[PDB]
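In the block that follows, a single chain appears as structure tokens, in the form deposited in one PDB entry.
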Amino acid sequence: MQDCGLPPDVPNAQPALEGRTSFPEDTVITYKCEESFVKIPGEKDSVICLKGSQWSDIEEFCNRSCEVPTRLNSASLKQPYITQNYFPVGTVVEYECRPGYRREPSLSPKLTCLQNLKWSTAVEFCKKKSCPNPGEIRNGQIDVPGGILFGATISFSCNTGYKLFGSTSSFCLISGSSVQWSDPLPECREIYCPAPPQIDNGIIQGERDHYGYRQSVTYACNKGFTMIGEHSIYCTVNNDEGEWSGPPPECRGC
């Protein structure tokens, strides 16, 4: 009769019958691989109802493959693997470095599917690129807690008596074809105390324009006056603010 019966049973595949058990000549039925199975490229996945109520031949076309290789932050799959989904046991793919990573020549950039149905153990074939030497800050310091490779952070500080002007930290980020420091080296500026106080019936010996950390100002009473107090005071510096060690002396008469 001009009709075929059920189509052939294909291992690990299920045919789409669409709610019927009888099919007319020239009917084309397509099979879909079952869960945990992927179709083999370059193979037939359907049958056809020919004359004599006979279905065309079909061979197993499903496997049995790894999952798509897991996403790496250091390397991307090369072509043509990057567009593939069929990875039977034994399949080996190749990677290439992303930015800002570079090859580690001693290590292979290739992975394999386990019977296991699992990709081989991952190694660091693509390593983090390094940022330039951070250099130095005059009168300050650079804190490098964890190297200077891509993704690293460094902080800046100014020695006692200096104030920091600029950025307080920098990060090694990817910059086009390489990796560079997010922010330039800041500046450590000398902190000045307020102008020293004058005193009644006394003077400051050779008063300077600016007074920095620990610098001192010496006092002297005018003729006929007695000094009561510290002969000199010095510049103290805390929390980036200058402040004199204490009050200036007094010149009492007479």
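So that the term is clear: the rigid core is the largest set of C-alpha atoms that superpose within 1.5 Å between two forms. One-based numbering along the sequence shown.
This protein has a second form, the form deposited in another entry, left out of what is shown; the following refers to that one.
The rigid-core alignment places the CA of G202 2 Å or more apart between the shown form and the other one.
Taking 2 Å as the criterion, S232 does not count as shifted between the shown form and the other one: its C-alpha moves by less than this amount when the rigid core is aligned. With a cut-off of 2 Å and the rigid core superposed, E34 has a Cα displacement that reaches or exceeds the cut-off between the shown form and the other one.
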